[PDB]
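below is the sequence, then the experimental coordinates.
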Amino acid sequence: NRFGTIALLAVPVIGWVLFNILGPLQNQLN
Amino acid sequence: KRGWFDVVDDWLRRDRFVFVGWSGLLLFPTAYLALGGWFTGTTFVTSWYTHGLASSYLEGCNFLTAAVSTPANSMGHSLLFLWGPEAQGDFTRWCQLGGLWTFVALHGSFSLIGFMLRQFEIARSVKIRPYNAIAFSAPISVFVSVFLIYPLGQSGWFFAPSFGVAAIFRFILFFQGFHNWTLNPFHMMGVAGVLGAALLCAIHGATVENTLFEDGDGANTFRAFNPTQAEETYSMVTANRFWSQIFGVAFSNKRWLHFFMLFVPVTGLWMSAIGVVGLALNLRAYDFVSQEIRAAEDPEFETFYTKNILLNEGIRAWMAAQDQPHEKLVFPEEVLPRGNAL
Amino acid sequence: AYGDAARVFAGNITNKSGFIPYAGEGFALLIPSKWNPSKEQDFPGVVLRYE
Amino acid sequence: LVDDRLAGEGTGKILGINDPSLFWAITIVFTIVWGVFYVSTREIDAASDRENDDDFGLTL
Amino acid sequence: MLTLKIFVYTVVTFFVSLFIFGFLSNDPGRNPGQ
Amino acid sequence: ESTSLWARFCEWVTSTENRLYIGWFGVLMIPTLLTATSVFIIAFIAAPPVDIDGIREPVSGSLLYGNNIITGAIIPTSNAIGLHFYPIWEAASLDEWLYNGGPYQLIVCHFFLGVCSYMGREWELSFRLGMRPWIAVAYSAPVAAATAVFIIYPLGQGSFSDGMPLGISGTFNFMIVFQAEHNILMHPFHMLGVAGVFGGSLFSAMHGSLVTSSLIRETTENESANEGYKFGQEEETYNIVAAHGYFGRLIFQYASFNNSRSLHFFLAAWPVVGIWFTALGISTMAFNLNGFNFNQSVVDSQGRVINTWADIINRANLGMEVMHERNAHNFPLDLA
Amino acid sequence: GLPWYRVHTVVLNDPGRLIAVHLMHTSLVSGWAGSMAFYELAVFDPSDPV
Amino acid sequence: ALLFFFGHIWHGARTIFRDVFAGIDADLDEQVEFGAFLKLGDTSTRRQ
Amino acid sequence: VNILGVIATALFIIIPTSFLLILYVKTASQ
Amino acid sequence: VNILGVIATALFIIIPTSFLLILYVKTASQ
Amino acid sequence: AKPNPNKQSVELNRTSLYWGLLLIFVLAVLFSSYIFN
Amino acid sequence: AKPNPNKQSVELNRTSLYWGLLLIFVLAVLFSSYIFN
Amino acid sequence: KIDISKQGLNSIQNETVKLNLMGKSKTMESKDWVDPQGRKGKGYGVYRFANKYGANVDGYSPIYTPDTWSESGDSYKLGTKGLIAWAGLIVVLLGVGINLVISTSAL
Amino acid sequence: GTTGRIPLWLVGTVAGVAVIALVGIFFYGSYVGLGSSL
Amino acid sequence: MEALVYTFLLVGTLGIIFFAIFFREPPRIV
Amino acid sequence: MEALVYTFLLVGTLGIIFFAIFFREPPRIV
Amino acid sequence: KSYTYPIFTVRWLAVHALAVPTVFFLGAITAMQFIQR
Amino acid sequence: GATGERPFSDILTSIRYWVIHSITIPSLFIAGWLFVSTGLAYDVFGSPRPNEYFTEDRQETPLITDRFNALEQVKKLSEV
Ligand code: CLA
Ligand code: CLA
Ligand code: CLA
Ligand SMILES: CCCCCCCCCCCCCCCCCC(=O)OC[C@H](CO[C@@H]1O[C@H](CO)[C@H](O)[C@H](O)[C@H]1O)OC(=O)CCCCCCCCCCCCCCCCC
Ligand SMILES: CCCCCCCCCCCCCCCC(=O)OC[C@H](COP(=O)(O)OC[C@@H](O)CO)OC(=O)CCCCCCCCCCCCCCC
Ligand SMILES: CCCCCCCCCCCCCCCCCC(=O)OC[C@H](COP(=O)(O)O)OC(=O)CCCCCCCCCCCCCCCCC
Ligand SMILES: CCCCCCCCCCCCCCCCCC(=O)OC[C@H](COP(=O)(O)O)OC(=O)CCCCCCCCCCCCCCCCC
Ligand SMILES: CC1=C(/C=C/C(C)=C/C=C/C(C)=C/C=C/C=C(C)/C=C/C=C(C)/C=C/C2=C(C)CCCC2(C)C)C(C)(C)CCC1
Ligand SMILES: CC1=C(/C=C/C(C)=C/C=C/C(C)=C/C=C/C=C(C)/C=C/C=C(C)/C=C/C2=C(C)CCCC2(C)C)C(C)(C)CCC1
Ligand SMILES: CC1=C(/C=C/C(C)=C/C=C/C(C)=C/C=C/C=C(C)/C=C/C=C(C)/C=C/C2=C(C)CCCC2(C)C)C(C)(C)CCC1
Ligand code: OEX
Ligand SMILES: [Fe+2]
């Protein structure tokens, strides 16, 4: 559970980064 | 480029901010793992069960006193794999047994190999000569002889240097007390090489910076240069005359100057490496037999060498009990050598 | 594993008297905390030694 | 006492002079060198092709 | 011993006076600048 | 045309046509250095034993008295004298002068004056030749180091006997006793000096290898490239752009030096600052301001002491402390 | 002329003289072996092998 | 063994870098320009 | 003191010195 | 047997030999 | 048969002679002190 | 001033080298046997 | 050999900083220019061979070229709504972090 | 949406203040707590 | 006996230094 | 110790003889 | 002209592999300062 | 010139960059703080807490004597 707390903390960071960078990343991929 | 090798070589040897190359596959993983192992060992892993000390920030040590410690002397020269017959796959007990030191050392040696290979590859890609790659042989020899050959000729990895500041200081003091390392001619050549290299660096920088040419109107002389220019930026004739009238001898060949600059520290480090290789088998230039015999027969003969011998004796006697817990040396206070009132 | 949290933001020191009590076979005394046990028996009848 | 010595160390004399002969030596040598310099300092100045006015010297 | 002291004093004052009166003899003007 | 005796003497002294420049600083430099050299050679070859600790225990340091080059030295002045001036004319006889350690003081004083005059003469020739006068500033770092080990440390410790002997084994003894008493290895200034020398060697090798790797082809394979360089030539003999490209692909582009002047200034500045700081550290430790003391710093919950590499170093220091002078101490504290 | 550290490069492209210099080296090594054996035999004491 | 490791390094470097044993080419600036070619040292990939 | 050090020192001083002198005299004559 | 004969013999062999070798190598080069 | 086409002449200048002499004598100093014992 | 007009170059051929070596070695044989005593 | 206009230093607002980055200074090429200490100029300028080699070292390898900067990045695409969402998220995360730090410690 | 950039000198000032504060915290923790000798 | 060797070595080194300083090959500007 | 010196002297003399015989400067008719 | 650059490159991975653990370890070390013995 | 990547000066002065990285760096800092404070650091790497240096069984420093039974020996020495 101690590692689960850190993973749950890290989840919204990944969500926010994906929300802010998905567009240009998809543009670069093509 | 159609073959697998050709396309892989096209991607690997690409023009990039960080050059990867074919040697990157060996350099980057091993170097990253060695750096990470050192940082993890200094931050979290302790040294209580293998040395009897505390060597981590978690236990209350600063940058100077934190280190990655060597295994216990019972382990001998075991390579101490994570899957070996000692740790047996347990990560926590592998860290407790001292397996991070061998991890760091074994990955660091291959990282050094990969770095020399990278130097060779980059030199060949740019079509120049591999003298920078040749110059790395001295650091590699020093690392090989100090961290591998010396422990391989001793009881075990326990007598290897530990990756830390105060640990290296203890290693140096141990080498003084037990081996009389200061009295080794090879170490004397190494010291001469290092100090001469520092002298050459300082003197060349000052001489070049103080014989410049007037290529601008500003007091800031760093802006009167262009790397693609043809003419030299300083007066070799003036430098040569100055150093001929001041010192007596001076350089008249830039190529010879810079080759000497390369040559001095490399030779010094190689000589020190040979000395440590010899010391690995306890083949130490420890004493002068004529001086010992004369001092024994005549109770009035004294030199600085005898005083150094007494100092080494004191160092050994007072450090032995804690530096080597495996010997289980219990020394009564009345057998330790001591001076008057001190 | 253990599960014990680190004593972060703890304002109390566990021991600060500088002494560690000792309970022996028919005697008791306060041993200084900075001292360590010893294995020397210099006098007859030694049952405890700290240095 | 068994022998003899100057016995002057750790005393605090002016310029270390315990005998007037040292003062005479210092003064004579200094005066000789000063006189030799004083005779020639006029000729030395003239090598700059300038007069020793209020604007003389190395200035910036 | 006093003779040695006198001789050394004479030598030292000779060399120091040479130094002083040489650096007083228009030294800044002895340069190749124009 | 010079006519006066003084004018001719000044012209000869400040002449740039001499094989070795004399100058006005050389007037002071030459006799002091010659005196120190003569006394050093004569004492190193045939000097009697010197009572260094003032406890009537003479120490031999001469070749004629059973020593080799590694063991021979010049024993510092007696501890009884202290910081007192001990010239040759303050002794009852030369036999007494040689027994107390006069030559050490003589050589030390003359050497200090000589090195100061040497730095001054470096400036002087730089001025006479039309150069920029900072090679003398570079020399100030070794000058300060020599002053610290020969003058300032005896000044702060109250005796010339705590000075560095003029020998090899004497130097090692000085280092060991210095470590036992001041913990020099833990001093940040000594760490900076070690970084200075190690970086100086690193950068000297790096620069030499990079320059040797970019030589332009002007010879054949049966002769050296040094024959490819001609003295007094105007064109540069190596490719700065090629060397910069190699280094910038070795680490990354903005880590190498594209400016030769800036690179050479960095080469000059690194070891000089390192040696300045290490000399300052020695001088500071002269007045008993030792290095970091992390002894019994890590303590567990019940108050017991957990040892560390610093504590192992402390054990070694205790070992080499109780033996640095066996019979020179009557009281428990070495306050000097 | 050639530097003192490049003298032996004359036999790089000469197979016959390469064989010659290798033969000279082998002769020197064999001579050392024989002479060392003789010298050790002249000073060995086989009286007590215990 | 240590001295012969150095010898191996030296002789391998000399045999691979044999054409530049006397020195580098007189004009070697276009190939050592940062970001001039896609591939390092390849003149057939001039872009970026 | 090893009395065999005198011959070793003499040989080490002389043989390389003679080699260097041969080379230099030949070069200076040429 | 005089142990000082070894150094004398070595010097007498080597020094004239080196002198002759210097002269001959110079002449052959010339 | 025909003269060897791989003929080269060695050389050594005064600077190299001085460097070699200095190296020989310094090594002699150090290791003679250590070998006399 | 001007170069010395008394400049000469020494020489020694292989026959002289062989004769000198033979003389040196024969003298060494005889007088070494006599000096070792 | 070097074209100063193609070195990507044309998008700098400050004229003095722009001249500094190219290694150029119009003041110093004047024959009557005098620096702070009082030394006359010889007309060389910042670099003597500026015409022969095109430019200086500063104009050869600049480390600040606004021309090569991406056209995007000077404006946030997500606009004000993105900034409001970021403010809400950072406030929430700061509160959660301080709560976790306080709870896991010994008060 | 939001035109404009952040000053590089402002970025450098904030980063320097942050690292200085970190080093100060490290020194304070060296003077109290674990490894403080008391 | 060894003191003579030490003094000879030091004197030879000093003589080599003197000769290197005062009998050097003079640089010539091309 | 001296036997080695005697044998070395004799062997050196024989080697000099061999070299003089088989590596002589060949006479040339003018 | 318009300049378009990729977001994820080799330099991105090289920077982040050293930046992320550095910040994690710095946070851990900062937490370590407030532990009481 | 440039090897084909966005300049560091351009990236570091971007609202997008400082909006993304106003979360990641503090998140990592808090993650490290929680890793230390929750006792995970002691358990993962086996470091002794201040109260676990000496047990009631042995009051001296640990010593490992067997190479092949080292795992069991260090398990016994670490017993609380
Ligand atoms: C990039 C190269 C690289 C290299 C050279 C090394 C080198 C080393 N590692 Mg490191 N390591 C790396 C990357 C690398 N590592 C990576 C990416 C990780 C993941 C984090 C690790 C994690 C790691 C751990 C956990 C340990 C090491 C340790 C060691 C040693 C391993 C000893 C061993 O027996 O190897 C294996 C032996 C070989 C000879 C392998 C080569 C066999 C060839 C390829 C034949 C293939 C044939 C086979 C039958 C068929 C397979 C093909 C099929 C399955 C597809 C060695 C010094 C050990 C250590 O340092 O102990 C102190 C150890 O504990 N490494
Ligand atoms: C220390 C670094 C080092 C360096 C920089 C070089 C450099 C070079 N080598 Mg040398 N070499 C070395 C050590 C080194 N060598 C060692 C230790 C050996 C074994 C005797 C050799 C044997 C060797 C041969 C036989 C040849 C060269 C040649 C060469 C040249 C280029 C070819 C090369 O890259 O080989 C590759 C060199 C490597 C060291 C990289 C391989 C990395 C190994 C395989 C790591 C794998 C990890 C390991 C399996 C993990 C588990 C082990 C664990 C259980 C302990 C170049 C001069 C070649 C040449 O061109 O000569 C003219 C050639 O013919 N080398
Ligand atoms: C396996 C044998 C071996 C062989 C055949 C070669 C062959 C060669 N070497 Mg290499 N070399 C080797 C090992 C070897 N090397 C080792 C181990 C090293 C590291 C020390 C080097 C380092 C090296 C360098 C640095 C150079 C060469 C060069 C050369 C070439 C010319 C050498 C020269 O003329 O010397 C002539 C030598 C002398 C006039 C006197 C040297 C005397 C030495 C200092 C000590 C006396 C030696 C003693 C009597 C015998 C040694 C005992 C034995 C156990 C080694 C030649 C192709 C040269 C080159 O590349 O040319 C282009 C060159 O510059 N080599
Ligand atoms: C002050 C004028 C300066 C003019 C310019 C001088 C330029 C430099 C010239 C060379 C100087 C160095 C060499 C000097 C050698 C002769 C001196 C000598 O050996 O004396 C050595 C002698 C020792 O005298 C001893 O005395 C004993 C009794 O006390 C016994 O009699 C001994 O026999 C006797 O030898 O000391 C003196 O002569 C005293 C000198 C006092 C000088 C005071 C100067 C005051 C004004 C300056 C103040 C600042 C000075 C610097 C301080 C900071 C330094 C870091
Ligand atoms: C009043 C003066 C005050 C200071 C006096 C200084 C005296 C010392 C001068 C030493 C010169 C010796 C140079 C030899 C070799 C020589 O001839 O040098 C001359 C050499 C010539 O260089 P070139 O450019 O002409 O060489 C061209 C190439 O083709 C060479 O192959 O220049 C140097 O290498 C300078 C480095 C000297 C480094 C010497 C450091 C000191 C040596 C160690 C001393 C030991 C003492 C032991 C005592 C027991
Ligand atoms: C402990 C002392 C015991 C007594 C002495 C033992 C023997 C010591 C060495 C004796 C020979 C010394 C050199 C002889 C040749 C000198 C030639 C010369 O200078 O001008 C002629 C020579 C005449 O040519 P010219 O001027 O063109 O007519 O002048 C030159 O400039 C020739 C070029 C070579 C210069 C010297 C080369 C190196 C010589 C050896 C250096 C090391 C010496 C070590 C010993 C020093 C003394 C202790
Ligand atoms: C007992 C101990 C044995 C081991 C120690 C041996 C010590 C001596 C080592 C040197 C041995 C001989 C080296 C010869 C060097 C020149 C090479 C050569 O001859 O090339 C042929 C050479 C071939 O070269 P080419 O002319 O270019 O074809 O033929 C010549 O004619 C070259 C001119 C020189 C001829 C020889 C001159 C005199 C040499 C010294 C004679 C005495 C040597 C020592 C004898 C006793 C040995 C124990
Ligand atoms: C062990 C191991 C591993 C690995 C890991 C890793 C890879 C890690 C990493 C890690 C890391 C990668 C870490 C890092 C860290 C860092 C740090 C901790 C830093 C710090 C810093 C500082 C403290 C700084 C300071 C300063 C300042 C502030 C000022 C100026 C100077 C200087 C810069 C010094 C694995 C799992 C694979 C496997 C098993 C084993
Ligand atoms: C002709 C002939 C013959 C004869 C032969 C002979 C008799 C031979 C001999 C040979 C010999 C008898 C040889 C020898 C050799 C030797 C050698 C080759 C040696 C070497 C050495 C070395 C090289 C050393 C070194 C070193 C040193 C010095 C010191 C320490 C270090 C070292 C080890 C490095 C007969 C009749 C049989 C047959 C027919 C032909
Ligand atoms: C940008 C930059 C940087 C920097 C950094 C830093 C970290 C800085 C800081 C800065 C600062 C941080 C500053 C400050 C200042 C302050 C001041 C100047 C203050 C003043 C005050 C006063 C004057 C006061 C007064 C008073 C009194 C006395 C009484 C009461 C009232 C009052 C409070 C008012 C670096 C190096 C990274 C790099 C380059 C760039
Ligand atoms: O004299 Mn030389 O070292 Ca100056 O501390 Mn006290 O005194 Mn003695 O002991 Mn430690
Ligand atoms: Fe340079």
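Perfect, I can see it now. Numbering: from 1, shown residues only, chains lettered A, B, ... in the order given. Ligands and ions are numbered 1, 2, ... in the order given.

mind checking how far residue D:6 is from chain N?
55 Å (C-beta to the nearest C-beta, to the nearest Å). No exception for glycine: its C-beta is placed from N, CA and C like everyone else's.

need the contact list for that residue.
Shown here is residue D:6, whose contacts under the criterion C-beta atoms under 8 Å, 6 or more residues apart in numbering or on different chains are D:18, E:1, E:2, E:5, F:89, F:90.

quick check: the gap between it and residue L:2.
Taking C-beta to C-beta, to the nearest Å as the measure, residue D:6 falls 60 Å from residue L:2.

which strand or helix spans residue R:63?
Applying DSSP states H and E as the criterion places residue R:63 outside every helix and strand.

of the contacts of residue D:6 - the most surrounded one?
Neighbour counts for these, by other C-beta atoms under 10 Å in any protein chain shown, peak at residue E:5, which reaches 22 neighbours.

now for the strand or helix carrying residue B:202, which elements pack on it?
Here residue B:202 sits within helix B:185-209, counting by DSSP H and E. If you count contacts as 3 or more C-beta pairs under 8 Å, 6 or more residues apart in numbering or on different chains; DSSP states H and E, helix B:185-209 packs onto helix B:236-246, helix B:254-279, helix F:135-147, helix F:188-212, helix F:260-286, helix K:14-36.

list the buried ones in the fourth one?
Put plainly, it is helix F:188-212. F:189-193, F:195-212 (16 or more other C-beta atoms under 10 Å in any protein chain shown).

now the shortest one
Neighbour-count burial for helix B:236-246, with 16+ other C-beta under 10 Å as criterion, is recorded at B:236, B:238, B:239, B:240, B:241, B:242, B:243, B:244, B:245, B:246.

can you tell me which of those residues is nearest chain I?
Closest approach between the buried residues of helix B:236-246 and chain I, by C-beta to the nearest C-beta: residue B:244, at 21.6 Å.

up against chain I, what does chain K have?
K:9-14, K:16-17, K:20-21, K:24-25, K:27-28, K:31-32, K:35-37 (C-beta under 8 Å from any C-beta of the partner chain).

now these: which count as buried?
K:10-13, K:16-17, K:20-21, K:24-25, K:28, K:32, K:35-37.

for burial, what's the neighbour tally of the residue lying closest to residue F:189 once chain neighbours are set aside?
In this structure, residue F:189 finds its nearest non-sequential neighbour in residue F:281, 2.6 Å apart by C-beta to C-beta, 6 or more residues apart in numbering or on different chains. As a burial measure, residue F:281 scores 22 neighbours (other C-beta under 10 Å).

sorry, back to before: let's have the helices and strands packed on helix B:185-209 in a markdown table, adding distance to residue G:30.
Output for the helices and strands packed on helix B:185-209, formatted as a markdown table (distance: least, C-beta to C-beta, whole Å):
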| stretch | distance to residue G:30 |
| --- | --- |
| helix B:236-246 | 52 |
| helix B:254-279 | 28 |
| helix F:135-147 | 54 |
| helix F:188-212 | 41 |
| helix F:260-286 | 52 |
| helix K:14-36 | 29 |
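
list the contacts of stretch F:151-164.
Residues from elsewhere that reach stretch F:151-164 (C-beta under 8 Å, 6+ apart): F:52-54, F:76-79, F:81-83, F:101, F:104-105, F:108, F:112, F:149-150, F:170-171, F:174, F:282-283, F:285-288, F:336.

that stretch near ligand 11 anywhere?
Yes. Residues of stretch F:151-164 are located near ligand 11 by C-beta under 6 Å from any ligand atom, namely F:157, F:161, F:162.

ok, and the most crowded of the residues you listed?
Of the residues of stretch F:151-164 next to ligand 11, with other C-beta under 10 Å as the count, residue F:161 tops at 25 neighbours.

what about it, distance to residue F:326?
The gap separating residue F:161 from residue F:326 is 15 Å, by C-beta to C-beta.

same question for residue N:2.
From residue N:2 to residue F:326 the distance is 79 Å (C-beta to C-beta).

thanks a lot, catch you later.
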